[PDB]
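So the protein sequences, as listed, match chains A and B.
Under the UniProt record's numbering, the letters of the first sequence match residues 35 to 194, 201 to 252, 262 to 403, 411 to 436, in that order.
Under the UniProt record's numbering, the letters of the second sequence match residues 35 to 194, 201 to 252, 262 to 403, 411 to 436, in that order.
Even for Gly, the Cβ is constructed at its ideal location relative to N, Cα and C.
Protein chains: 2
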Amino acid sequence: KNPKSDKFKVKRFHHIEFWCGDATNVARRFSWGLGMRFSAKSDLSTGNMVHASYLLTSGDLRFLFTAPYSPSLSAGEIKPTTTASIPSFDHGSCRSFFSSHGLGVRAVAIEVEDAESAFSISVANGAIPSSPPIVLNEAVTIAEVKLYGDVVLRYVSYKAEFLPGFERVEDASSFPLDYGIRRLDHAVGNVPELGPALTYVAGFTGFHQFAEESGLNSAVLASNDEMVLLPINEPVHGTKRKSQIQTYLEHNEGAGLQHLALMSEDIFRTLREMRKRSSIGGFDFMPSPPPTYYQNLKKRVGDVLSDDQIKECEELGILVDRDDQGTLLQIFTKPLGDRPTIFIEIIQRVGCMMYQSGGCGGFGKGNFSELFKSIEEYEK
Amino acid sequence: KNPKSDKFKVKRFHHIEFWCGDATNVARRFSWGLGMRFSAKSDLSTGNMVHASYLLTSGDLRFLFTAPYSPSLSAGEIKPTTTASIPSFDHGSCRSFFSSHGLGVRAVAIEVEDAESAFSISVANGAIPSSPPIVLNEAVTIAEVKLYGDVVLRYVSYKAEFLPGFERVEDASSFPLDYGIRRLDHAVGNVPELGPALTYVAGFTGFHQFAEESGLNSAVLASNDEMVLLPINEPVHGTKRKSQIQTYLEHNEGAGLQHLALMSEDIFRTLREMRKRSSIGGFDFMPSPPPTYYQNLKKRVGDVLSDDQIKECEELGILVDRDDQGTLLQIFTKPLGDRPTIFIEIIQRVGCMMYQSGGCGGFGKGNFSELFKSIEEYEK
Ligand SMILES: CC1=NN(C)C(=O)/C1=C(\O)c1ccc2c(c1)C(=O)N(Cc1ccccc1)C2=O
Ligand SMILES: CC1=NN(C)C(=O)/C1=C(\O)c1ccc2c(c1)C(=O)N(Cc1ccccc1)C2=O
Ligand SMILES: [Co+2]
Ligand SMILES: [Co+2]
């Protein structure tokens, strides 16, 4: 059941912003590890004396990396005279975020029809304001409300290239890397208590819960067409193996974004290219499941994937799950930075053609138990 | 003239430590861009609840990348019970350094015969103490004094693998990258006033000045065998083009390390491999000199390099200078991070065989004027 109760018109995920200590080095690492191109910048060379911001793109996926300059460069500025291209940016907030949480996502940005109205409706329905609506060059409006922890939900709306004040980057500096990633599928938060988090966010967006004993309890909030998907996790305390959600909250100093799921148009090619680069600057992957997990694939998805395609899943360490409507291919990276906090998921979905409907195959919940039993091959 | 007046026995450069916000991402970028292998770690997986530290190596060159964890992980610790592997590390100092200066060098480490004696002699001769001598596992002694700005000179001495508490890294995680870089040749500081900086450092080391109108005044301090080379720059104010030394001091919030010069055993191969990677996660290089600069190479170094080797310098943008004893090949990267502060120099020296004596060919001073005149080809 989909009650289509969005309180304002939401389009698609627009971008994800990381707050960094040095945006250059993180952006360059991510570009090589994920196959994203450098497409826009806002920094000293563009007149921005406040923050350095670099945009990576792959298909429709947009990753923004921002770090503060010395406050001394902009000490004579006031908000009415700022050279910052992102008006919500604040030196003190960014340095406090990074010292507290380490490298992580500050903003989950969605494109809406009217960011001014989205903000006003959100706060009238309980959203905690973070940055009021600001009109950039009479062309784009940005506004921010609190989502969970120190993560904000950013509304962006366009009258009619990323943002005013950003520049297209040099062709020579923009190598056309591409490993197949195409869009953000979903973005997952970790909180200490699921109930209050869900009520708060669903309360100000109108997002509805999306149709679904180790580690977590979870639930997914979805927009009207179910293309914006925001799952939220809480720990389950007191078991034998310590909850990875609890470990996250300890090392992150509280609630924050846990993982970003990136859709690939060819997950076999994406993982081939990412795994080739794991030990030469890219990203590492969780340990692969045992061969018994793939011996058990035939009975569950043997009508969807060939034996060769199943053998191909086994080489790359890909996980497979199944809903009533679709099939899910997925895999998880090791943490993206120093702390055991944020990581990335690569996914591809098959089934549910109409365009493909959102969340086709779900989110992999059945893999927890399929892993444990397959990891009970300590007798073979 | 070399008075050989070192006040304690100095061996070689040992390592350079960067203070970072996220050591993982900077270490991975540098590894790919420079061709250095991951060789040691000290982090949560090794029992260190205080800082994450990753060591990259190429030949004898050692780059250390360190970032702080949340202080909450180690809140019950005291210095006598610390899990830190580098006893001088302090959460507050590191976060303050990074917020003030951005990504940069915290420590220039040299190996000595007795770091305890080096520290005591240094401070008896005016060195400002930073971290007292500490004995690690009865095997290694580390001590630190202030060098300039917030950069420290670190003494390391070994009774008889990097440091106790560091672990050798997995073979699968240690890809054997190598672009030819082999050791640190020299490390250069930028200060507001050269005179007082030289007197302070030469005063506590006994290092002697090494035998040598746009931008800077400079001088080089050298150890007894002239294998440890520490140049220092000051700005020249009031000219037409703004001093790059002054720009550094503004963006860095004062004195700090300006550049690291890395010796290559094959500078043609090093620059081939680095330039291939510039736009896919590695490092960018300053713009190459005009063809007239290389047309003028024949008359200055035509007895040292063939026309083909000169043509090869032109393809890679390599600069060439000449002393009375030797010849110098050199090139400079763009800044390593967000701020126009620290950069890297790649160098190879030819001449002065005995082993090669230190500073053979000098440091490239003649290139300033050879560039200006060659850049006066706006008439050809
Ligand atoms: C669940 C779920 N619900 N929702 C909304 C989601 O998006 C979602 C996942 O993405 C998801 C699905 C399957 C697995 C994991 C995550 C996972 O972490 N592991 C094992 C593991 C990997 C790395 C570190 C520690 C433990 C799995 O088997
Ligand atoms: C001098 C000198 N004295 N000592 C001890 C040294 O180590 C030393 C150099 O390394 C050195 C030698 C030649 C050049 C540069 C540095 C340099 O920066 N440029 C142009 C340029 C490059 C990048 C940004 C702005 C301007 C040169 O032509
Ligand atoms: Co997921
Ligand atoms: Co130099």
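Residue-level contact to chain B via CB, residue i, 9 Å cutoff
i, result
"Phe244 of chain A", "no"
"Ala158 of chain A", "no"
"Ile329 of chain A", "yes"
"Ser76 of chain A", "no"
"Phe123 of chain A", "no"
"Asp333 of chain A", "yes"
"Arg388 of chain A", "yes"
"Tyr103 of chain A", "yes"
"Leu107 of chain A", "yes"
"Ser92 of chain A", "no"
"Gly366 of chain A", "no"
"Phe132 of chain A", "yes"
According to DSSP, residues forming a beta bridge with residue i
i, result
"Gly138 of chain A", "A:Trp53"
"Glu207 of chain A", "A:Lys75"
"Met402 of chain A", "A:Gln412"
Inter-residue spacing [alpha-carbon to alpha-carbon] between residue i and residue j
i, j, result
"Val169 of chain A", "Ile176 of chain A", "7 Å"
"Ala118 of chain A", "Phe99 of chain A", "14 Å"
"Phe97 of chain A", "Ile120 of chain A", "15 Å"
"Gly386 of chain A", "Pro340 of chain B", "43 Å"
"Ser413 of chain B", "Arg398 of chain B", "10 Å"
"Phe47 of chain B", "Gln358 of chain A", "53 Å"
"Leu90 of chain A", "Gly264 of chain A", "33 Å"
"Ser213 of chain B", "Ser328 of chain A", "5 Å"
"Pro163 of chain A", "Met335 of chain A", "37 Å"
"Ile380 of chain B", "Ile395 of chain B", "5 Å"
"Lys43 of chain A", "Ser154 of chain A", "13 Å"
"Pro166 of chain A", "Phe72 of chain A", "29 Å"
"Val185 of chain B", "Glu111 of chain B", "26 Å"
"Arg324 of chain A", "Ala152 of chain A", "41 Å"
"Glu262 of chain A", "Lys289 of chain A", "11 Å"
"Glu363 of chain A", "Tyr343 of chain A", "6 Å"
"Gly330 of chain A", "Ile221 of chain A", "18 Å"
"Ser292 of chain B", "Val190 of chain B", "35 Å"
Check: residue i C-beta below 8 Å from any heavy atom of ligand 2
i, result
"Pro280 of chain B", "yes"
"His248 of chain B", "no"
"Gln397 of chain B", "no"
Any C-beta of chain A under 9 Å from that of residue i
i, result
"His308 of chain B", "no"
"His300 of chain B", "yes"
"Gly183 of chain B", "no"
"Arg63 of chain B", "yes"
"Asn59 of chain B", "yes"
"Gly305 of chain B", "no"
"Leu137 of chain B", "yes"
"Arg349 of chain B", "no"
"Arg208 of chain B", "no"
"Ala118 of chain B", "no"
"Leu385 of chain B", "yes"
"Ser214 of chain B", "yes"
Any non-hydrogen atom of ligand 3 within 8 Å of residue i CB
i, result
"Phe419 of chain A", "yes"
"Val228 of chain A", "yes"
"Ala268 of chain A", "no"
"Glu275 of chain A", "no"
Residue range of the unbroken beta strand (DSSP E) whose run includes residue i
i, result
"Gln379 of chain A", "375-381"
Delimiting residues of the alpha helix (DSSP H) encompassing residue i
i, result
"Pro340 of chain B", "340-344"
"residue 437 of chain B", "The shown model of chain B, from 35 to 436, leaves out residue 437 of chain B, and the question about it has no answer."
"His300 of chain B", "293-301"
"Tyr182 of chain A", "Here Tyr182 of chain A belongs to no alpha helix (DSSP H); instead the beta strand (DSSP E) covers 174-182."
"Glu150 of chain B", "149-158"
"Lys360 of chain B", "356-365"
"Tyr240 of chain B", "234-245"
"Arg388 of chain A", "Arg388 of chain A -> no alpha helix (DSSP H), and no H or E assigned at all."
"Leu320 of chain A", "316-325"
Ligand 4 heavy atom lying under 8 Å from the CB of residue i
i, result
"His48 of chain A", "no"
"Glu426 of chain B", "no"
"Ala271 of chain B", "no"
heavy atom of ligand 1 below 8 Å from residue i C-beta
i, result
"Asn159 of chain B", "no"
"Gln293 of chain A", "yes"
"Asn171 of chain A", "no"
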